[PDB]
Structure formats: C-alpha cells, structure tokens
C-alpha cells in the first residue's frame, strides 16, 4: 500500500509529490544557509526519471546509492528563515553510511531512523527553498 510519513517543515511554497520509486539512484541536496532544494533520480517501471524539488540556489551534495544500498534514515531541522519556515538542515543515512545533515540553520529538529524498511520516495513543499519534506516507506 502507501505509507507516507512526515512532511516536516513550514506550509509555504507549493506541494510536491514524487510518488514511490522502484529504486532510488541518487539524491542531491543543494544548500546554503538553509536547504534550497533536492533532486531525485530513480527508476520507475522501466524508466529512469529525475525530479527537482525546491529553489535553484545552493551548493550540491550528492548521495549515490551503490549496489544493495538503501536510504534507511532522514534527519534535519525545521527553521524560520528570514520569515519562512523551511528546512534549515537535512541529511540521510544509508545502510552503509551517514550523510550531512547539509544547511547551516538550526531550528526544531526531526529524525527518522528506519529499523526495518526503506525510503522509496519523497513529497512535501517547495519554493525558493525546500519548505517541507516527507518520504514514502516500503518493506
């Protein structure tokens, strides 16, 4: 079925929904003070797609999933950046290594360790920056 957990962040920008993926290939987090946006390249029913969520600013940090490597955790911090509630920090963990968090603006933290299962996709809200972010979870 569909298990969507989260949507950590403010209510601004526009809602986005990547839907689940067959396999996530890489994730790119662009960040400056806060988290500007995220890119996701994944395979979907034979095809290879790429989605771009969030604004266009920031510097790239890419997570490329090797063989048999999945996303088993996501954490960061929601913040009020110059007036807007947006992810000020974000990071992910694979069953092999941890990443980030990326962004230099703290706020109220969140964390999602996944004991069993994996992240198969994203959803949330974006605009000039990455306002909020959630994930799809699968066995």
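Residue numbers count along the first chain shown, from 1. We call the rigid core the largest set of C-alpha positions that still match within 1.5 Å between the two forms.
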(Q) Once everything is fitted on the core, do the CA positions of 87 to 95 or those of 36 to 44 lie farther from the shown form in 6 other deposited structures of this protein? (A) 36 to 44
Q: Rigid core fitted first, then name the stretch among 18 to 26 and 5 to 13 whose C-alphas deviate most from the displayed form in 6 other deposited structures of this protein.
A: 18 to 26
Q: Could you check the entry and say whether 44 to 52 or 103 to 111 has the higher mean CA B-factor?
A: 44 to 52
Q | Between 117 to 125 and 9 to 17 (mean CA B-factor, as deposited), the higher | A | 9 to 17
Q: Select one of 72, 90, 86, 98: the residue whose C-alpha shows the highest B-factor in the crystal structure entry.
A: 98
Q) Where does residue 31 sit by CA temperature factor within its chain: lowest, middle or highest third? A) middle
